[PDB]
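Residue numbers (the entry's author numbering), protein chains in the order written: chain a, 1 to 149; chain X, 1 to 183; chain f, 2 to 79; chain K, 1 to 80; chain A, 1 to 71; chain T, 44 to 138; chain e, 2 to 106; chain H, 1 to 353; chain J, 1 to 161.
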Amino acid sequence: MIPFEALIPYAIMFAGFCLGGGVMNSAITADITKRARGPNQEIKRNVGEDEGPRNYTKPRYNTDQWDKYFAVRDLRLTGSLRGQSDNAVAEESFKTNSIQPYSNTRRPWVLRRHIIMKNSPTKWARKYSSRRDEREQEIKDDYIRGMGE
Amino acid sequence: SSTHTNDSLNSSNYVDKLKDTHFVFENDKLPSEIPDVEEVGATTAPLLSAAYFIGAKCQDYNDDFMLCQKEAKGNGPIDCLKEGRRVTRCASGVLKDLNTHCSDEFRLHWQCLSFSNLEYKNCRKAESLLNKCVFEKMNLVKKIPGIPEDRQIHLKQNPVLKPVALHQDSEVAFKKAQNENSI
Amino acid sequence: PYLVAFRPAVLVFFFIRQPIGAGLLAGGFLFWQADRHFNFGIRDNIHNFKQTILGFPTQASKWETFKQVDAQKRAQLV
Amino acid sequence: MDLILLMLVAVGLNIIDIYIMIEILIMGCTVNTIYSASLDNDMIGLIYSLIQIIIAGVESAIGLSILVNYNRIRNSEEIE
Amino acid sequence: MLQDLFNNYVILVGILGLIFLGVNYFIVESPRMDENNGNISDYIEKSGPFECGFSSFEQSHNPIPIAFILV
Amino acid sequence: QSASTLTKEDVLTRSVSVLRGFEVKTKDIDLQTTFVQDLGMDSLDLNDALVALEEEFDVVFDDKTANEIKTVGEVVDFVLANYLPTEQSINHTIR
Amino acid sequence: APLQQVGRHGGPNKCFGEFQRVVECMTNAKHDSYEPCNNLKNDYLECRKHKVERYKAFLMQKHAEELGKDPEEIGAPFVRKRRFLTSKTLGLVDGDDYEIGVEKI
Amino acid sequence: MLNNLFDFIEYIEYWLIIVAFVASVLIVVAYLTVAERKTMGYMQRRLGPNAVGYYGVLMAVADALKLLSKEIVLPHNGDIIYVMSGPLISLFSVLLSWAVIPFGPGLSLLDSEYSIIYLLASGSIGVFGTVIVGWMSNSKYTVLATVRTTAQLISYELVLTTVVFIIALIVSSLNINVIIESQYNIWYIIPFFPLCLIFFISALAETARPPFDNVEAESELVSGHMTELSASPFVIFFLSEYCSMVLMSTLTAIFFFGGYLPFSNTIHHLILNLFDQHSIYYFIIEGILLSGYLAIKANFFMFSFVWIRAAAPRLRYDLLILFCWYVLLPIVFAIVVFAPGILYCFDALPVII
Amino acid sequence: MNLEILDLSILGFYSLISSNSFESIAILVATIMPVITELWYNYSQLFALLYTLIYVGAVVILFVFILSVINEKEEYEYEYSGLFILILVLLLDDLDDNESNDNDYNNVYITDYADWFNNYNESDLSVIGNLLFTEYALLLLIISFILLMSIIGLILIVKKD
Ligand SMILES: CCCCCCCCCCCCCCCCCC(=O)OC[C@H](COP(=O)(O)OCCN)OC(=O)CCCCCCCCCCCCCCCCC
Ligand SMILES: CCCCCCCCCCCCCCCCCC(=O)OC[C@H](COP(=O)(O)OCCN)OC(=O)CCCCCCCCCCCCCCCCC
């Protein structure tokens with residue numbers, strides 16, 4: 001005697017996992033495929049008559065630094081981080097569209113604003129003593145003074 | 001490896017906000033004294049599909065470019081511009097040949113890689129058709145150095161690790177070659 | 002990434018428990034964000050004053066060194 | 001504001017509050033080490049950072065045990 | 001590896017937790033709609049601690065010996 | 044730290060002040076002032092004064108001493124000999 | 002000789018070569034004093050902090066301010082939002098200004 | 001409209017994916033409470049909830065809605081911090097842990113090579129939420145639960161962490177999705193059957209589930225740390241505890257039963273061959289199958305969570321402390337040496353591919 | 001808008017007004033959380049998770065010690081402070097937040113140029129383990145030696161017999 005009423009909550013829980021899996025597997029795959037079609041919305045949305053059957057690109061996982069370089073390189077070639085192109089020669093725009101991230105190298109905010117963490121003999125010297133900065137400014141001053149020769 | 005760096009795109013815009021990252025463009029080309037070259041236009045999937053064909057065709061130019069780097073004693077980027085352009089043209093020629101002789105087999109392979117997380121183990125059926133077509137039309141053979149010829153993983157008959165989901169286009173093309181080519 | 006989820010709860014509970022104390026801290030936080038966003042330069046002036054009074058090399062001090070070098074080099078050439 | 005020793009007010013008036021202050025102070029050095037190592041792309045500094053975390057954890061255990069036994073001695077009659 | 005999707009989830013989780021409290025605060029009927037015993041801050045017989053019926057000594061800040069402190 | 048800081052004059056001064064909050068016969072109280080005769084205290088009045096003196100100095104008279112004490116001076120002597128400061132927590136002393 | 006300045010992938014990082022050349026100069030027997038190795042030490046410290054190069058950038062920015070030059074006329078174009086690295090900015094032929102997808106690669 | 005709507009949806013598409021993901025987890029957690037009562041009922045020869053919604057399908061809704069319409073008991077209205085700080089920390093800890101659970105290949109909100117560390121680290125934060133309730137509290141039963149809660153953490157945390165590290169050591173990876181894919185040929189239940197039992201025991205201890213239900217023992221500490229909680233604080237703690245039960249049941253399916261990998265490879269191919277890979281319907285079915293494989297394995301251990309409750313009496317917490325340190329820790333530490341010795345002997349040290 | 005500033009300001013405000021020992025251990029948690037989150041972004045995700053894995057376990061052991069020592073002292077002890085002076089103290093500390101006085105190092109941004117020479121890419125944790133178990137194996141063994149000393153040390157200090 002199998003009690004089917006006890007199995008009803010498990011069937012709903014089974015559908016709960018399927019709801020997440022069905023939406024995530026399909027919506028994410030469709031979004032990647034749509035953005036790989038071209039650089040403009042008229043190609044991503046509208047499907048051409050002569051275009052073949054749609055080939056879908058599945059989500060990428062277990063990546064490394066090389067995949068980060070590839071994603072940026074694909075962006076500069078197709079307008080998408082996972083764009084598709086097997087052309088032998090790139091466009092002229094690819095030569096000068098390189099992206100170089102420039103950012104500050106300052107210490108974390110917690111290191112310089114915590115009421116306790118920011119206090120140490122060396123941090124006080126960096127913050128309040130000019131002994132280090134006066135000596136290092138000599139190197140900067142030597143650069144300009146050594147130009148005329 | 002997803003470690004944040006100052007050399008490429010980070011994981012999220014919150015990292016950019018904390019770093020105050022500026023994505024800087026340059027509108028200047030290379031100076032005219034450096035001869036111009038045509039950059040490779042293949043994305044990640046086609047490059048991984050043709051990786052062993054570029055190596056086979058352009059092995060001497062790959063080694064010469066890399067030997068220039070080691071013998072430049074730190075001045076590699078500037079001195080080895082001439083050797084760099086040889087590799088770019090040779091690699092472009094391989095991709096051009098793949099689009100004129102094996103376009104159907106080539107496109108079947110790297111579209112499988114895009115379908116299967118760019119893993120070689122999940123596209124053996126498409127790769128085998130591509131490898132056969134390239135050899136019969138370009139006399140280029142995939143080879144994995146350092147191991148005996150019969151112990152190459154891409155030639156293994158019964159691999160332990162196999163793709164979870166079959167690629168339908170690869171399955172249909174593989175059957176079309178089994179019955180016809182091997183009567 | 003835990004502070005991202007925690008921040009809405011602590012901020013709301015901060016004002017609910019100490020609305021005046023939270024208002025002063027939030028008001029002080031927003032004032033210094035407006036000063037930096039609108040380039041009013043209030044914090045920059047305090048930093049310049051601190052470096053000048055403590056003997057540090059300041060932005061104007063570094064620039065004056067360049068002017069002295071530039072004047073000297075120009076005189077040498079001419 | 002640091003030179004007037006403002007941090008001496010932020011520390012509570014209990015023995016365990018002194019322990020918390022030491023953990024925060026040591027944690028500041030480790031954060032600085034991670035900051036320098038990440039910029040330099042130097043895994044040696046990250047090795048140092050990991051060592052500082054492990055060593056500081058050992059220090060907390062030893063200090064707590066002394067404080068546990070110190071509290072035990074006062075409430076040690078246990079005649080009941 | 002892109003984590004913008006992860007960041008949105010963390011933001012939603014933090015907001016989701018406040019919704020449960022906000023819904024409960026805005027759904028319960030006012031005390032005047034109930035027996036009208038006033039605010040909970042005045043109903044000391046309700047806000048007091050639970051001791052199975054009988055009030056006992058108040059030992060909130062008494063020391064608690066721990067037999068597994070070494071573990 | 045944990046030591047008595049009392050003096051014979053301060054203890055006597057505070058003992059007189061406590062005893063003047065009652066309905067004693069005389070306000071002139073010294074070491075030789077007796078509870079039963081000079082102050083006119085009965086059984087319960089005397090015990091009320093003794094407990095009141097206990098509250099001031101944070102001391103507890105024992106049964107034998109309380110049942111045999113006669114003069115204020117004996118109360119002063121008991122407080123000086125037996126008073127101790129209450130033990131503080133670990134944080135009060137070492138911090 | 003212990004390894005120093007190891008990159009995140011087990012090999013030498015950007016500034017190991019500068020450090021290696023400093024060690025070779027200091028341990029070379031032909032030198033009488035450490036003066037010839039002084040320039041190599043500066044390069045290694047410049048590799049990590051770039052303090053001299055940042056100072057050079059400070060002078061150029063300050064010099065342009067007194068000349069009235071607009072920063073956007075002599076600087077380099079940049080984008081602050083990664084989702085707005087559009088194909089129009091990248092110069093693609095059919096490039097659109099619609100935002101790029103950076104949620105899930 | 002039209003054009004301005006067909007890109008607005010694309011702009012908000014990934015928020016719908018997360019909202020659907022949140023609903024997917026909540027539905028399982030909501031009906032786990034109903035499933036547990038139904039499962040125990042038939043084992044106890046009762047019926048369980050069948051009169052709140054058609055055959056009891058609305059039982060979870062009624063319990064949540066009724067508690068959300070309950071007065072919040074606190075010394076003052078401004079004391080909303082005290083009785084809400086605990087449950088919110090516990091709820092946020094378990095919800096953030098679900099970010100690294102992949103329902104399919106790459107179908108996780110957070111993908112990283114340190115997903116294993118993030119999983120264990122996030123779960124440890126939830127312990128801090130439980131101890132917050134005993135904040136110099138005047139309730140003696142709340143205080144006793146906090147002492148027991150800390151004691152249980154010392155028991156399972158070392159054992160649970162080391163077992164997960166052995167599985168990571170076998171694959172030489174701290175990425176959950178890589179661990180799942182590494183089980184294509186063998187499920188880790190077969191080589192590490194002792195570890196699966198140990199992991200499940202630690203999972204019971206972590207969630208304070210019987211036979212390790214010393215924190216919320218009704219016959220010992222009336223309700224434990226929740227004796228002073230009502231309305232929303234009770235719901236959030238109740239939700240967080242059952243969210244951990246689903247999460248630990250899903251983790252057991254991932255570490256030892258291949259996660260989302262199909263039970264039969266042949267059956268998986270046949271079903272997907274009925275659908276065209278050039279249409280989205282294939283990937284809708286594929287997500288249902290892969291998560292369905294995970295759901296079946298996860299539902300079995302959620303059944304097992306209920307199963308052990310209805311079959312075993314409660315064990316004293318001091319006996320649990322001796323159980324983990326004298327028995328579990330020596331066994332797991334023995335395996336963490338045994339496994340590398342086997343792999344090195346046969347030239348099978350793991351690498352990431 | 002750097003919201004890390006607001007969180008630290010709130011944390012600093014409660015540090016000056018914390019009275020009992022429970023509020024002090026809450027300060028510790030309110031300190032590690034900004035550290036972990038600021039590490040999770042920007043610099044190092046690996047050590048953000050390592051901080052959570054190790055320090056959260058230490059917090060619970062710290063908390064359970066407090067329950068055995070609280071002795072009513074701070075539940076009735078008075079504090080005076082003053083709202084105006086507390087805000088003034090925090091405002092002045094907010095004025096100076098420049099930990100370094102190298103203006104060029106703080107105001108000029110830098111970039112790095114990535115290279116393809118590292119075809120073998122692995123996580124930083126694997127490189128740390130590669131060096132820690134081979135190059136600096138002595139440090140690892142001495143750390144285990146220190147851990148052994150702590151285990152013996154805890155028993156002799158705490159155990160009555
Ligand atoms: C925006 C506001 C920012 C304010 C930042 C400072 C906050 C208030 C703190 C009070 C200032 C005292 C500390 C000043 C920096 C430390 C002293 C120093 O390094 O010298 C700086 C100052 C001027 O230096 P200057 O000669 O002009 O330039 C350097 C050229 N090589 O030389 C000085 O004369 C500074 C005054 C130092 C002499 C008086 C203090 C010493 C005598 C009293 C000691 C009292 C405490 C004793 C503790 C002893 C403990 C061992
Ligand atoms: C995370 C979401 C759920 C928690 C939200 C709770 C918000 C309350 C404030 C969170 C902490 C912010 C930073 C403050 C440091 C801790 C100070 C503290 O003791 O808690 C503040 C709370 C306010 O009550 P109040 O009466 O004003 O203070 C006592 C005055 N004698 O006084 C109390 O003692 C009540 C303590 C209740 C339990 C709080 C335990 C610590 C919670 C830390 C989790 C968040 C991590 C920090 C995030 C912000 C960082 C600045």
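The beta carbon of each residue, even a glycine, is placed where N, CA and C say it ideally should be.
May I ask you to report which of helix, strand or coil DSSP gives residue i?
i, result
"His32(e)", "coil"
"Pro101(a)", "strand"
"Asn90(T)", "helix"
"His109(X)", "helix"
"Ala42(X)", "strand"
"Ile110(J)", "strand"
"residue 224(a)", "For chain a, the structure presents residues 1 to 149; residue 224(a) sits outside this window and is missing."
"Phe135(X)", "helix"
"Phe6(A)", "helix"
"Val103(e)", "coil"
"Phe79(e)", "strand"
What residues of chain e sit near residue i, judged by a beta carbon separation below 9 angstroms?
i, result
"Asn97(a)", "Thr90, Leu91, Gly92, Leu93"
Which residues in chain A have a C-beta closer than 9 angstroms to the C-beta of residue i? List them in chain order.
i, result
"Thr29(a)", "By Cβ distance, chain A contributes nothing, its closest Cβ being about 14 angstroms from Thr29(a), past 9 angstroms."
Residues of chain e with a CB under 8 angstroms from the CB of residue i: which are they?
i, result
"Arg76(a)", "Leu91"
Starting from the beta carbon of residue i, find every residue of chain J whose beta carbon is closer than 7 angstroms, and list them in chain order.
i, result
"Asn134(T)", "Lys73"
"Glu138(a)", "Here the premise fails: no neighbours, minimum Cβ distance about 13 angstroms."
Taking the straight line between their C-alpha atoms, what separation do you get for residue i and residue j?
i, j, result
"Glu58(A)", "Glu45(A)", "15 angstroms"
"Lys63(f)", "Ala125(a)", "21 angstroms"
"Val67(T)", "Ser68(J)", "49 angstroms"
"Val83(H)", "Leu4(f)", "20 angstroms"
"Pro211(H)", "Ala312(H)", "6 angstroms"
I want to verify the contact list: residues of chain X whose CB lies under 9 angstroms from the CB of residue i, in sequence order.
i, result
"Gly18(e)", "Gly74"
On the DSSP bridge list, what partners appear for residue i?
i, result
"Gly104(H)", "Bridge partners of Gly104(H): none, in fact."
"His22(X)", "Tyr102(a)"
"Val7(e)", "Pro13(e)"
"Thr114(T)", "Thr77(T)"
Determine the chain X residues that contact residue i at a beta-carbon separation under 8 angstroms, and present them in chain order.
i, result
"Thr111(J)", "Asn6, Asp7, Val24"
Who are the neighbours of residue i on chain X, taking C-beta pairs under 7 angstroms?
i, result
"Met1(A)", "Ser2, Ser11"
"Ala48(J)", "Neighbours of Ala48(J) on chain X: none; closest Cβ ~11 angstroms, over 7 angstroms."
At 8 angstroms on the CB atoms, spell out the chain T contacts of residue i, in chain order.
i, result
"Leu13(K)", "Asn134, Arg138"
Which chain K residues sit within Cβ distance under 8 angstroms of residue i?
i, result
"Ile69(A)", "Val68"
Cβ contact check for the segment 66-83 of chain e and the segment 13-20 of chain a: 3 or more pairs under 8 angstroms: no
Touch test, the segment 103-111 of chain J against the segment 104-112 of chain a, Cβ-Cβ under 8 angstroms, three pairs minimum: yes
Cβ pair count under 8 angstroms reaching 3, the segment 144-155 of chain J against the segment 56-67 of chain K: yes
Any 3 or more C-beta pairs closer than 8 angstroms across the segment 236-246 of chain H and the segment 126-145 of chain X: no
Given 8 angstroms, three or more beta-carbon pairs between the segment 14-30 of chain X and the segment 18-38 of chain K: no
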